[PDB]
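Colleague:
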Amino acid sequence: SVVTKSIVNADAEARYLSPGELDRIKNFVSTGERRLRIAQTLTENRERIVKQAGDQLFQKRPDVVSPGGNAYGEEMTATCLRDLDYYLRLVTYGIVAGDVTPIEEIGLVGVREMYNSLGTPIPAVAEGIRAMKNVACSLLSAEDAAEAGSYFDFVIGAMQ
Amino acid sequence: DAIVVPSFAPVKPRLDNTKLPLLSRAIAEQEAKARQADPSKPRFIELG
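Now the structure itself:
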């Protein structure tokens, strides 16, 4: 969160929270309700967003869903979409927190280890998260879509 | 027999406001921002 990140950096200095840091907390706390609304819309349409992302990701990269790929068969395809759903849940968490530290902790640390062990192609996962970004942004208002794009962008940037 | 203070005459100000510096800045801003794109709205390319 904005609060914990500011507190941690202030802790490094051991100084009590600087006036600018406290003002940052004031800004974040004041805009929290709008953040809640963004997360609410994404979770309310969580099913539609995730399934559409699956359609678009498979269409960009048919090879992942082709025979001999990780997402072959209904069960394997469903697990791929479950991963997309997990990352959408993480994105809503990150929106509410106002920082990307929750997304990083839950899902992005060591993702390359996990996914190549599973055999899944990480760049294809990145394309899927990009599809999630586009779908969610289309649902969101222009002001809301700008911030949600940043939270999705950390995920795709880590994936690379 | 004359009245030194006949009555106090109203005056029409010479300097018209909404040309004064502060309102002029604000009038420019409201007009220009209205013509520009609108935050927090789904349809913005439709509007003329």
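Heads up: the protein sequence lines correspond to chains A and B, in order. For the first sequence, position 53 matches number 54 in UniProt numbering, and the numbering has no gaps at all. For the second sequence, position 41 matches number 933 in UniProt numbering, and the numbering has no gaps at all. All C-beta atoms, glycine included, are put in the ideal place defined by N, C-alpha and C.
(1) Below 8 Å CB to CB, which residues in the same chain sit around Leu915/B once its five sequence neighbours on both sides are set aside?
(2) Measuring CA to CA, which of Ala147/A, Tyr152/A, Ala143/A, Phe155/A is closest to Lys933/B?
(3) Output the distance between the C-alpha atoms of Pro898/B and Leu907/B, rounded to the nearest integer angstrom.
(4) Should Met133/A be labelled buried (16 or more other beta-carbon atoms within 10 Å of its own) or exposed?
(5) By how many angstroms is the C-alpha of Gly108/A removed from the C-alpha of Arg62/A?
(6) Give every residue of the same chain whose Cβ lies closer than 6 Å to the Cβ of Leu58/A, excluding the five residues on either side of it in the sequence, and list them in chain order.
(7) Run down chain B in chain order and give the residues with a C-beta less than 8 Å from the C-beta of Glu105/A.
(8) Taking Cβ positions, are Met160/A and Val126/A nearer each other than 9 Å?
(9) Please report the distance separating the alpha-carbon of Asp84/A from that of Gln53/A.
(10) Taking the CB atoms as reference points, tell me whether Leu141/A and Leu23/A lie closer together than 9 Å.
(11) Could you check whether the Cβ of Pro898/B sits closer than 9 Å to any Cβ belonging to chain A?
(12) Using a beta-carbon distance below 9 Å, is residue 171/A in contact with chain B?
(13) With 9 Å set as the bound, which would you pick, yes or no: does the beta-carbon of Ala929/B sit closer than that to a beta-carbon of chain A?
(14) What residue range does the alpha helix (DSSP H) around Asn117/A cover?
(15) Using the C-alpha atoms, what's the distance from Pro913/B back to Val92/A?
(16) Can you give the Cα-Cα distance for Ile123/A and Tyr116/A, rounded to whole angstroms?
(17) With H, G and I counted as helix, E and B as strand and the rest as coil, what does DSSP make of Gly129/A?
(18) Output needed in chain order: residues of the region 912 to 937 of chain B with a Cβ under 9 Å from some Cβ in chain A.
Modeller: Judging by the given coordinates:
(1) So the list reads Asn909, once near-sequence residues are dropped.
(2) When each option's Cα is compared against that of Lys933/B, the closest is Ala143/A.
(3) The alpha-carbon separation between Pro898/B and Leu907/B amounts to approximately 27 Å.
(4) So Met133/A counts as buried.
(5) Taking the straight line joining both Cα atoms gives about 23 Å.
(6) If we look at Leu58/A and ignore the five residues flanking it on each side, its Cβ neighbours are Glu128, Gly129, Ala132.
(7) Under the 8 Å cutoff, chain B gives no residues; its nearest Cβ is about 29 Å from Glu105/A.
(8) Yes.
(9) Roughly 14 Å separates the two Cα atoms.
(10) Taking the C-beta atoms as reference points, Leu23/A is found no nearer than 9 Å to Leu141/A.
(11) When Cβ-Cβ separations below 9 Å define contact, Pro898/B makes no contact with chain A.
(12) Residue 171/A lies beyond the stretch modelled for chain A, which goes from 2 to 161, so this question has no answer here.
(13) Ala929/B counts as touching chain A.
(14) DSSP places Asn117/A inside the alpha helix (DSSP H), whose first and last residues are 112 to 119.
(15) Distance between the alpha carbons of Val92/A and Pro913/B: 47 Å.
(16) Each residue's Cα considered, the two are about 6 Å apart.
(17) Three-state result, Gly129/A: helix.
(18) Within the region 912 to 937 of chain B, the residues whose Cβ lies closer than 9 Å to some Cβ of chain A are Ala929, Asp930, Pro931, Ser932, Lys933, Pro934, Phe936, listed in chain order.
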